[PDB]
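Enquirer: Compute the structure for the input listed below.
(chains A, B, C, D, E and F)
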Amino acid sequence: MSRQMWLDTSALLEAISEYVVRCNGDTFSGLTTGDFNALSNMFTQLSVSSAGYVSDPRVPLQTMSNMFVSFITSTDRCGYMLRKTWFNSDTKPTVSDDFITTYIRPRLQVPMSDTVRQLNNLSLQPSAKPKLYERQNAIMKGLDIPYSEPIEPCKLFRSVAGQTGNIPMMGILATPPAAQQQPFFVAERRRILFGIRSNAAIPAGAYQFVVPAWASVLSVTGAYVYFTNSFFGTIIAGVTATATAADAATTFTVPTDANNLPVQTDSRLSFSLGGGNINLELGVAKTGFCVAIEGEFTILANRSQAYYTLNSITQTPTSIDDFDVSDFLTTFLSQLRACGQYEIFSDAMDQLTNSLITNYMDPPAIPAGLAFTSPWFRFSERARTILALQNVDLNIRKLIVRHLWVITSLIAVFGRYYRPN
Amino acid sequence: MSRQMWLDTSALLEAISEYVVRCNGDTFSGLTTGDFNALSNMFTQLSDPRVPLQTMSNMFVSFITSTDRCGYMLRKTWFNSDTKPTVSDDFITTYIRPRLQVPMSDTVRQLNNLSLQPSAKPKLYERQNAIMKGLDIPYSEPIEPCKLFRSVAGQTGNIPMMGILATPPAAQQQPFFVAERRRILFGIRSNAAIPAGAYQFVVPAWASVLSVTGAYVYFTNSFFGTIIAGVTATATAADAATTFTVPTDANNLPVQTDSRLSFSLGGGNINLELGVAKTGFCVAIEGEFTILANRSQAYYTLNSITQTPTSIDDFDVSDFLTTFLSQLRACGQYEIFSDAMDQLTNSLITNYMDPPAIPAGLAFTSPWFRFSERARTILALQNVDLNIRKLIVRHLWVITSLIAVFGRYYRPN
Amino acid sequence: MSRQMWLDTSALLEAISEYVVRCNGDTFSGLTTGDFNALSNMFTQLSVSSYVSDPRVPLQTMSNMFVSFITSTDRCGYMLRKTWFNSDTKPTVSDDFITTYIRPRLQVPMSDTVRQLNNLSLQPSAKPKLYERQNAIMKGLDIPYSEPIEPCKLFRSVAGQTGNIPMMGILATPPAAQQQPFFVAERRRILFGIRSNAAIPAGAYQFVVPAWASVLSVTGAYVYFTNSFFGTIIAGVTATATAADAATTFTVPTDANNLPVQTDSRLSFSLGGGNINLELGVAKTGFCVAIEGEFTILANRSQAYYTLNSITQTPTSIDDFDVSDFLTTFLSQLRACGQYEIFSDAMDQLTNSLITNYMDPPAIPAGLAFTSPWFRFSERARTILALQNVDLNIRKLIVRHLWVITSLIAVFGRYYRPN
Amino acid sequence: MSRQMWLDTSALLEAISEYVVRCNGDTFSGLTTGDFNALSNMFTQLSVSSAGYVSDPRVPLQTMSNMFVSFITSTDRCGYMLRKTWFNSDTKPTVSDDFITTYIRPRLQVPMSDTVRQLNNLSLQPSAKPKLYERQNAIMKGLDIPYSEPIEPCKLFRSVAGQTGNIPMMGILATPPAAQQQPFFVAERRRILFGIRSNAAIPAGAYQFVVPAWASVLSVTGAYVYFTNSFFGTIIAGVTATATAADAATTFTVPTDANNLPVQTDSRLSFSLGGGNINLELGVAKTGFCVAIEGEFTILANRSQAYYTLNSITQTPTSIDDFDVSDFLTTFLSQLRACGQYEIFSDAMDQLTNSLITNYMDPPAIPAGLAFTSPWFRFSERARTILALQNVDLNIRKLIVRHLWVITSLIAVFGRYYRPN
Amino acid sequence: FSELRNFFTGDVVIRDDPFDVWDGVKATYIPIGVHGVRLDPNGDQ
Amino acid sequence: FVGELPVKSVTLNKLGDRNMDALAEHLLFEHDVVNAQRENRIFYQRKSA
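Expert: Numbers count the residues shown, from 1 in each chain, chains lettered A, B, ... in the order given. This is the structure:
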């Protein structure tokens, strides 16, 4: 039912998984560890009740997934959750299907749960690699994400007026320069890069860099800022990494700190790219330079919405990540291939995707020009394509993407135990 | 006793550890955490709690030390079957016995392979099982490709292949497949331009079990932080698309795109097609690497090994011995053990070849805790049938780990 | 109260956090999890003696009172005196916050025992709590034998080379003639070698390991010839080699056998002991040895890093023991309610009064001027350790003491919201 | 009704056939055969009307075919079976038609039927020439086919980037070569062929072969591998089959087996071409060589989906077999001609196949360039045509071929007893 | 004790006031008086 | 009540041998009992549907 009901259940399943990994090889003979007890009780709540005793946890989990696939593949059944209103409301739909009456239903505790959540965003050491749940909440209800949760900046990257790619810029940063070019702002897995490259020298002085939309929400701690000539391992041409023992200290400054931030020092920096533009004061002329900020990157408190709401999207077409769904689908895919359905499933998904796209544009017809260049499980790409439709209003594409993601995520969670035979 | 009987206890000790690290700094006054409670009951199920752990490590060193005591664990038979042996050593009698709950325990273990977020860095136990009984490893667990590496036809090694990648080319050479910690590299270096069209690449053995999710595939010129010569990472907004395909996927996988890709190298071959000629090109796949379902056997069975001699990692053992070693050096017993182990290792190799004799040409280049090496050494004897070498490795490994696990609390006084 | 009493409550607050993380999205209705139970009972140690209903309220009140405390020097004065960092003497202090929240929390002697059993654990925490560091830095206690750390953080300034990241510019500049040996460090590897414009003969070379790397230890490492440092290209070194090249190896004072280079084998060895003895096989024009593996701090040798004994020259380059990574949330809250500025001022104050009580006679030393705010500890520690006026010892103690207070703030302020 | 309801009944009629074959010339006076018992009971299950012993099984079997032809022809009636959803979901349609009511309904015992079915894939000697029912299931539901059922490689074939076809590649293999050409991979009825043709001798050493997408499904047992120069009986030029007792051994290896497989030897082998490639090592240089694998061919486990789903198809146009439907139609056709309807049927079919494709493309209209080069029963060709429409994207094309096939088969089964009079 | 409890806990949702179940309800059709009866006509052409 | 907050709790007292309250009186120290017994009034209670 409720979009909420599905999440509460997805969360439960993710919890079951968690406690399974917690119990692996910790299930000893003479004791009932708390973790196991909890795992046991979670199994108990998964089924109906009229599902009786659980002698072998593999079965109820297996049964549940099987019913889920025969559901998520039949338009006639799972149609209800594909219409616009399912995503934007907590309206209990009038739909009868014994999969939902059995498995989907409010599972989380209120209001205690919501509260524990809020308290976590203020917690010291959040989970480094969080559950789909959190992402689901963000992408759908646009809730907040933990203040200390780290993320790889390159994911956040989106297309801007100037450079239209983070990776593509690579082939160009490696081509020697014709003359002094425009600044560039790129990101890796563990560091941010910005600078100016020229075939001629560049005088000492003050140079302004306009922090890109997508990056204006980044924050870094334990960072080292230095000059470098590589980008993802590929060599950058048209820049100098040279310096004299007694060169003129090169410093930069951000609108959030009144003190200058040093460059090329063994000091660990803390600053945020929010608030404006980085004012960089180059100590000694250089023939093209590249600054590197390498440290722990986090999304500025309370601004994760930009990323997950798909608001940081200005132009079309655009670059876009998958919010990591691929990393979670792995198992379900393996299970699909292992019983020969990877194909029959892949078909039913196009069907699901198409019908979803449909219910978003009035009048009800697959927009022309729509042709996917990838399969349902390569979201990153399909998203790009959805977002590239000139026909439909931008804000509607944005919704479609978000919606598809939630459904996709839901799959990655519920299907894992599929075994029809 | 039984091999299972040891693993069972190993697991119980790795459990003692896990819960100990859990209880650190989470031990308060009027509060009994569930973790501490478990830990406590595990301590009991084994034998202040520091004294006992100690007694146990002691008696263990004492045991694995004398070839007369642990002789049975060194026989080709102890590793081959779950047959309860006839032995009366008041160590095994006191510490080794079944501790896991059957069948439940196993059921969980499998439910785990399908788990969304398995442990990023698993316990020795999981490795022991894969290596010994040939079990499965979680489908979503990640590994660093370079560990998965074994020698193949085309090239001797992985790392060594670096110095050759640093030397300018003489003429359009042969394809190369190499791997780092977080990425896979493949291409064709040349000092003369290479036309654009279609290029068949055959995925090596070791690398045919990998699978990547959330990956960026781009053209680069670095390898382990070293410059690759005879390769150009150049292009322009005009250049035509450079796609690639794998049998597992019917569609084209784009390169040099900000798109996150997830494909699988289980098809056996990558079909790459350049859109613009390049003076040597190197494609890189950087993402999350997992080992395909049911193929993790190859790696842990040493069945992925084809040539001789070959390249071989240590299945991460080195990383677990650290604690034990540091406790050895603080006793002076570092040398004594270093030797006793040199015997333990000989004897085991012995019992694998009929007739019973230390084979021709067996000089060890490194001590017992540099397994990755000593393994290379044993996989190097051509006078002894191949398969038997592999087994000695696997077998030697298991004892090593068991040491890594039981000695830790060693304080011989 | 006593220094231990703050650490205890810190650890508790730090635990409460852990469990809150543990409970996120694992709190279902027809199901009480053992985790939630513990959390619930922990929220009871902060309440004034004893069920809650809304944990936000008490925690909020606690942070709020804390900010109000650490802000006014009159109250938190005693925590600044030279004695509070040593003595476990119940302080002559009457203050609401202290009596309402700080008190002994840990179980003795048990906790102490567990902690030790931990050092000898197979897989300790990769990202330890602040508690562990507090103990190291303050009481000089031990760190787990298997805990990994990035070498570059371990770095300190030494006779030969002044900095670690600074050398980056130098290392990328073609050489004039054969230069001296360099010992740089990255996040995941440690580098050394010699660069020249001319060739270097095949033979035996000696490298002295810096006073800071004489504590490192690696496992699962690949040692090889490379030309990059932090992604930046090193010049005056060749990586090139032929399949026919004579093997190059090296030996450590603690392992009589040779350690191969450019091999697919995974090495294990410590750097403590003495000097590295590199046996270069083929002669080459500039070489760079790279050790990329898992780094550890030798048993009972972590005293250097956390007590500041690895510091010999002035000025030195140092890290912050990571506090920066914990202040994140607290800062974010500070900016939320426009206290960021006021707090900074109050801190500069705190810091000054602190520095003060460490030098007789009682006056701020001359020439002291910070280049960064209270939360860029790496820099402030630099400046404090670079005062020609005071003895090296009193400088260190100040950095450490300043740290503990900083850490405490990072832990207690998190729930701040005045409105 | 339900697609499942049709399959179930087909299987029944297809079973009735089987037993009719069994009872032929085994119907004696005083005997009671388990076979005849089965048959006579099955004769009963047809007609919802009555259940008396059938004195003349011809009558009801006829009435049934007649009723069927009269149904399958009128698009007003059998229309519902041509919808996109009928080939997808098991949703009982709200249709009221005399035929469907009297003859279609669930008939297979559940769950037993499936149990038996799966237990079967593991059986030692499966039927060498499977009922249609099996394909119907693989083509429609994507079910597994028996692990050790044999198959002729060439059927399995599909078009690849390198070479366009299989049979046509023959003529080229005949013409002497200009110069050392690119590798070829062709397949006969009982054997697979690969090699490299050249007018000039090619060195002794290692040679890598990329096994095609269609053949990476194969696996053989009881195989003799040797050097030959014939393809379907036609002579291959630019290859030599010469050799001598002195020649060094010529071995080849596959990824699935860590051991060398000998060539031109009397030993019988078994290996899997699912490894992705063959590694051949010519012991002595040859002026053009061609290796042959002659043995028992089987489709690897959980891979038959590629063949029956049309997923092995990557190019366009493409060479495609017919899943053997042609072989089952024989009877029906000969029965049509008998009463002079071969003509009138072809016209109702063209309306069917047309009206079918229609429903497959939104918006609802015949595509441009639909040039049917062959009649309804030469399926193999009509498929190539459907799959050659550049208008509609690959997926919808494939879906139409499959859907068409199922209908085609459904006829091949029900029509046979047709006699209007 | 904590977990012993967590094992032994379950739900039962119960209406506060018991449903009032009517058994002997007598609902039978009654014909109305005499009346004009229209005989529906047969389907014609 | 459970603190200042009033609640309607299941009367374990009348559930025979499922009287979690009595089962807890088995613990060692009076305080451990009280705590458990009060925890009982928190988890075994009547709440809104």
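
Enquirer: okay, CA-based contacts and neighbour counts for the rest of this
Expert: OK.

Enquirer: which other residues reach the longest helix along chain F?
Expert: Of all the elements of type helix in chain F, the one with the most residues (DSSP state H) is helix F:30-43. Helix F:30-43 has contacts (Cα atoms under 8 Å, 6 or more residues apart in numbering or on different chains) with E:1, E:2, F:2, F:9, F:10, F:20, F:21, F:24, F:25, F:26, F:27.

Enquirer: do stretch A:34-51 as well
Expert: Contacts of stretch A:34-51 (Cα under 8 Å, 6+ apart): A:12, A:16, A:19-20, A:22-23, A:27, A:54, A:57, A:60, A:102-103, B:34-35, B:38, C:30-34, E:3, E:7.

Enquirer: mind listing what's buried in it?
Expert: For stretch A:34-51, the neighbour count (16 or more other Cα atoms under 10 Å in any protein chain shown) marks A:34-47 as buried.

Enquirer: and it, how far out from the chain's middle?
Expert: 30 Å (Cα atoms, centre = their mean, to the nearest Å).

Enquirer: ditto for stretch F:29-39
Expert: On the basis of Cα atoms, centre = their mean, stretch F:29-39 sits 9 Å off its chain's mean C-alpha point.

Enquirer: mind exporting that stretch as CSV, just the C-alpha atoms?
Expert: Only the C-alpha atoms of stretch F:29-39 are listed here, as CSV (Å, rounded to 0.1, in the frame of the first residue of the first chain):
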residue,chain,number,x,y,z
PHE,F,29,19.5,-8.3,43.6
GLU,F,30,16.3,-6.4,44.5
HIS,F,31,17.3,-3.6,42.1
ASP,F,32,17.7,-5.9,39.1
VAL,F,33,14.2,-7.1,39.8
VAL,F,34,12.6,-3.8,40.1
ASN,F,35,14.3,-2.7,36.9
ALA,F,36,13.1,-5.7,35.0
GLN,F,37,9.6,-5.5,36.6
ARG,F,38,9.4,-1.9,35.5
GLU,F,39,10.6,-2.7,32.0
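
Enquirer: closest to residue E:22 among the contacts of helix F:30-43?
Expert: Proximity of these to residue E:22 (Cα to Cα) peaks at residue F:10, which lies at 31.3 Å.

Enquirer: Compute the number of surrounding residues for the closest one.
Expert: 15 (other Cα atoms under 10 Å in any protein chain shown).

Enquirer: Surely it and residue F:21 touch.
Expert: No. The pair residue F:10 / residue F:21 is not scored as a contact, 10.6 Å apart, by Cα atoms under 8 Å.

Enquirer: just to revisit the earlier point, farthest-separated two in the buried residues of stretch A:34-51?
Expert: Maximum pairwise distance among those (Cα to Cα): 21.0 Å, between A:34 and A:47.

Enquirer: Include secondary structure when you put the buried residues of stretch A:34-51 into a markdown table, please.
Expert: Formatted as a markdown table, those follow (DSSP: H, G, I helix; E, B strand; the rest coil):
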| residue | secondary structure |
| --- | --- |
| A:34 | helix |
| A:35 | helix |
| A:36 | helix |
| A:37 | helix |
| A:38 | helix |
| A:39 | helix |
| A:40 | helix |
| A:41 | helix |
| A:42 | helix |
| A:43 | helix |
| A:44 | helix |
| A:45 | helix |
| A:46 | helix |
| A:47 | coil |
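
Enquirer: Pick out whichever of those sits closest to chain D.
Expert: Taking Cα to the nearest Cα as the measure, chain D sits nearest to residue A:47 out of the buried residues of stretch A:34-51, at 22.1 Å.

Enquirer: How is the most centrally placed residue in chain A assigned, secondary-structure-wise?
Expert: Taking Cα atoms, centre = their mean as the criterion, residue A:323 is the residue nearest the geometric centre of chain A, at 2.0 Å. Remark: residue A:323 carries the secondary structure label coil [criterion: three-state DSSP].

Enquirer: Ok, residue A:295 next?
Expert: For residue A:295, the secondary structure call by three-state DSSP comes out as strand.

Enquirer: My guess is it contacts residue A:189. True?
Expert: No. Taking Cα under 8 Å as the definition, residue A:295 is not a contact partner of residue A:189, at 10.2 Å.

Enquirer: got a list of what the closest residue to chain F within chain A touches?
Expert: When scored by Cα to the nearest Cα, chain A has residue A:110 as its residue closest to chain F, at 11.8 Å. By Cα under 8 Å, 6+ apart, the contact set of residue A:110 is residue C:29.

Enquirer: still on that earlier bit, how distant is the next helix-or-strand element following the longest helix of chain F from the center of its chain?
Expert: Scanning forward in sequence from helix F:30-43 by DSSP states H and E, the next helix or strand is strand F:45-46. For strand F:45-46, the separation from the chain centroid amounts to 10 Å (computed by Cα atoms, centre = their mean).

Enquirer: Appreciated, that's everything.
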